[PDB]
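Trainee: Pasting in a structure now, in structure tokens, and then I'll have a few things to ask.
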Amino acid sequence: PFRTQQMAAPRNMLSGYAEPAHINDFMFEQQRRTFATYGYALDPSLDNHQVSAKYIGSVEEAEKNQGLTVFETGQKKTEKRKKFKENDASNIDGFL
Amino acid sequence: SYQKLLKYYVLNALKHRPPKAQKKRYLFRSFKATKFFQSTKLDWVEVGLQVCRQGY
Amino acid sequence: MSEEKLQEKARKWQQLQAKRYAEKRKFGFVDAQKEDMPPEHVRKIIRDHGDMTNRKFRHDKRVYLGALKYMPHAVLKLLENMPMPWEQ
Amino acid sequence: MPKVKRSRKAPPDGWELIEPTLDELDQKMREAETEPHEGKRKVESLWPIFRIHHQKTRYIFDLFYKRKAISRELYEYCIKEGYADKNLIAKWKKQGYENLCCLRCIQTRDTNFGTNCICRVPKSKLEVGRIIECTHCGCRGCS
Amino acid sequence: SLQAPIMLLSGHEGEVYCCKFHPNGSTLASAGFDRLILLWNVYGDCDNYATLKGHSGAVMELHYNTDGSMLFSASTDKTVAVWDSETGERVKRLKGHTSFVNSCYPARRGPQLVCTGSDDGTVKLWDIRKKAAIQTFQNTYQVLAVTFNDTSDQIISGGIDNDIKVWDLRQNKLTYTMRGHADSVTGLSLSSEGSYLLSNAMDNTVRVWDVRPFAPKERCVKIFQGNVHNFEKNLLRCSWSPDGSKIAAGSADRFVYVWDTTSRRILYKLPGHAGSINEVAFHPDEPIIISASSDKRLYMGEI
Amino acid sequence: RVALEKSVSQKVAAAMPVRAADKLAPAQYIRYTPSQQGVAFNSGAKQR
Amino acid sequence: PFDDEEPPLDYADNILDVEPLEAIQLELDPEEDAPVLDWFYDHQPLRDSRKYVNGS
Amino acid sequence: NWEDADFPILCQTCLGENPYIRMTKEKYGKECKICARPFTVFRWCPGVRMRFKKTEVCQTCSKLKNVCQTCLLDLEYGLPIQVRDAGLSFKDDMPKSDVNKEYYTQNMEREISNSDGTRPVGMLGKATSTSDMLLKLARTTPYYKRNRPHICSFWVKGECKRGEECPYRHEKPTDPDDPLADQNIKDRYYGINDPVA
Ligand SMILES: [Zn+2]
Ligand SMILES: [Zn+2]
Ligand SMILES: [Zn+2]
Ligand SMILES: [Zn+2]
Ligand SMILES: [Zn+2]
Ligand SMILES: [Zn+2]
């Protein structure tokens, strides 16, 4: 009982254990943008309970949008914001 | 003058060590691989005025 | 499960496998080339950094002195390409 | 006075009908070169240059591939004399790359993580309506 | 036994999807994302002698014949390569698929046949002498793992439809459906006897299915747990021991899983991989294991 | 000798600081366990 | 050529506007010097013709 | 001496609410805000509307005082250092005057680099005896209002010409007639007259 939460954890340098991973670039950045866009992603922890597959985030919106990523065609398509357009490049001081 | 230019040519031809095959370095290919150099096409006088202002 | 769920699972495996093994993601893929820039870009950069007295460009004062060690090489590449009296 | 041209041969056939507007785009570029930076940030002051360069290149692109109003001879004259960008035209003929602002905004060497700019992300995939100005370019969503 | 136990092997450059022991057990072929095939020794100092190019894609599945003569490679540029075990030449390249070839398998002891499955929904049969597909089975969905029986009469196929399907070559009809996996099947392996077939699936359950003329009709023989599948969605492969006594399965939590086939007990949980594991394989004579993972390295465990 | 040669190279790198000026993109991955678990922290996870 | 207290000229206006003042360029005989006359005073003369040089 | 150690020593309210982080490593980027010797600066973005936080102090100056390199709070509890030393003893006595500080830093750097590289070299034995009042006001869930972009100083003069595009907050700064406003770096780090604490 003579150790704390930090002192009982299997740590490597003062704040935890840090080991080199070799995750595929695409899948990593996929789950990264999945969390950064909606608020959920799959769990990259390698044991955590050693049963199947849990989502880690705002898990309530995960089942609402079926667990989609950014690279996939979305469910919702509504309320687009309206912008000007002058794609001709022929009128000077009117092109954008 | 002709004698001295002959002297310079003979000192070139004497002390010719062969090219000494190294590993090629390519400094400007290493500069433009970075995110700090861009490339363009300019008149030579514009670049000379640039180089003089930069040295100043 | 249902045909809808299995078709959605097919879509969200085909899109994944398409975007994960693209031609631009193979191992020895040298990515695209740095291209030419418009010649007005370096002109306005040189012109705004006038004599480096503005307070707005005080973070690039350190880089110009750093570039001082490569001025002889820039001089060499400059004078190497002098334009040849039959050229305007 | 002129663009002083570097060919010394006479310009090709359809030149005189695209010359007022090319000289008008060129006048707009000489205005943007001399705009004094005051309330125009350190990256914001180079945003007109990439925009007008896009505009001149899109003008010759629209006349040769869409409207078909320029021959090969006139088209390649305008590329040699510096009115269009041969490399930006070459990207606009690719499939997804068709409103591309800059060649910088697809250059992966210019970024920290070896990636494009968020300029190039499809606006549906940001999902929120966040407003974006690319730092290179000033662009708001090419793609 | 050879050298000292471990014998870590490097030289690869990207992920390593597949690896196979030679039918005599004296050399090794490894392959992955590197668009390269490496032929290395199992004995001596385990050093490279042959590098085999000839792809524009990721070399998904690797196999052998039963002789150790013909090397079959399934790649991610819709083609399959057929090579000789020695001398290293492109002997037969076969192009019939419209999408990515996930797996291949050679029919053994019969006339030369290869069956492949691809992401377009197709399971195709291939005679090496004909330069053409022999039979084509549109399932409807993406197919990940494909193998034969010993009789060269059935195609045992795993896809993403949570259902192992067995095709008869003579009737050309859907003979068997095997239910019991809750997520996509990523790897199949038929035993040395032909009695049992081992399956990985994304639902993290490793299943043994008996393929026999006479069936109990509910073929849920043996169930293994502990195998982890994750967000990386890798194609995970399984392998039988030469005597059918040990079972290996790749895992995405960097642990080499080897079960005992009779007690359903985890024999070995060998560590030593930084990245997730793709294929674990047994030496055909001796208890030596090549394990291949996404950390670009190979491991030779000596039991 | 293998330990010494590395320190030698790190010393000698000053003698030519810029000859073929350097190159850097081995973008790598590392798995990290926060040792803080009690989850409200990753979002509910044990590693990152 | 310029004075010591004279700041260097801007390239933009002062030389983009001005015509470049014809170079030296000996007049070549159109009959006697015919296979040379088209390209002789160019920068890199026969660069864009694949028959006489390779590429760029 | 330089610092140069991989992968910084961070808490969980600064490392972000996303389990997938992309950080950059600059070898000898800044100088330490305390030690004044150059160290390896790591720059990451926690979430979506965050600020791109970076490490402020050395690995060594966090090993001395068991803190995170950017919030300067205890790795275990998440509290200021004056609170933790109040609920402990104060026997470190790091020097504040110049030559003494660099001398103490040199000697403690030799001490740490003549050891394992895992323990808070002096704070360990006293870090065994714990669970004073600090545990009854330890923060339970992360305060993600720390990772938050500063007040737009052009919006304070009512002249923010970026408007909706500016990534800095358009909301009130704190009244400077407040004890909770001054907060020097070294005052937060040595445990001396910290108003939060
Ligand atoms: Zn952009
Ligand atoms: Zn742009
Ligand atoms: Zn853009
Ligand atoms: Zn420090
Ligand atoms: Zn912190
Ligand atoms: Zn603002």
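Count begins at 1; order follows the chain as displayed.
The way this entry was determined, per its header, is electron microscopy, 2.9 Å.
Cβ atoms are placed via backbone N, Cα and C, with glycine included.
According to Swiss-Prot, the protein carries these features:
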CROSSLNK  E:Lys217  SUMO2 cross-link
REPEAT    E:11-50  repeat 'WD 1'
REPEAT    E:54-93  repeat 'WD 2'
REPEAT    E:96-136  repeat 'WD 3'
REPEAT    E:138-177  repeat 'WD 4'
REPEAT    E:180-219  repeat 'WD 5'
REPEAT    E:230-269  repeat 'WD 6'
Trainee: Thinking of Cβ pairs under 8 Å, which stretch from E:11-50, E:54-93, E:96-136, E:138-177, E:180-219 has the most of them with the repeat 'WD 6' (E:230-269)?
Mentor: E:180-219
Trainee: Taking only same-chain residues 6+ apart in sequence, whose CB is under 8 Å from that of the residue listed as 'SUMO2 cross-link', what do you get?
Mentor: none
Trainee: In the same chain, which residue numbers or ranges, 6 or more beyond the ends of the repeat 'WD 3' (E:96-136), come under 8 angstroms Cβ to Cβ?
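Mentor: Contacts with the repeat 'WD 3' (E:96-136): 57, 60-61, 63-66, 70, 72-80, 82, 142-148, 150-152, 155, 157, 159, 167, 169, 172, 235.
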Trainee: How many helix, strand and coil residues does the repeat 'WD 6' (E:230-269) contain under DSSP?
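Mentor: Helix, strand and coil residues of the repeat 'WD 6' (E:230-269) number 0 helix, 16 strand, 24 coil.
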Trainee: By DSSP, how many residues in the repeat 'WD 3' (E:96-136) are helix, how many strand, and how many coil?
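Mentor: Across the repeat 'WD 3' (E:96-136), DSSP assigns the residues as follows: 0 helix, 23 strand, 18 coil.
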Trainee: Could you give me three numbers for the repeat 'WD 1' (E:11-50), the DSSP helix, strand and coil residue counts?
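Mentor: Going by DSSP assignments, the repeat 'WD 1' (E:11-50) contains 0 helix, 17 strand, 23 coil.
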Trainee: How does the repeat 'WD 5' (E:180-219) divide up by DSSP, counting helix, then strand, then coil residues?
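Mentor: Output for the repeat 'WD 5' (E:180-219) reads 0 helix, 17 strand, 23 coil.
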Trainee: So how many of the residues in the repeat 'WD 4' (E:138-177) end up helix, strand or coil by DSSP?
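Mentor: The breakdown for the repeat 'WD 4' (E:138-177) reads 0 helix, 23 strand, 17 coil.
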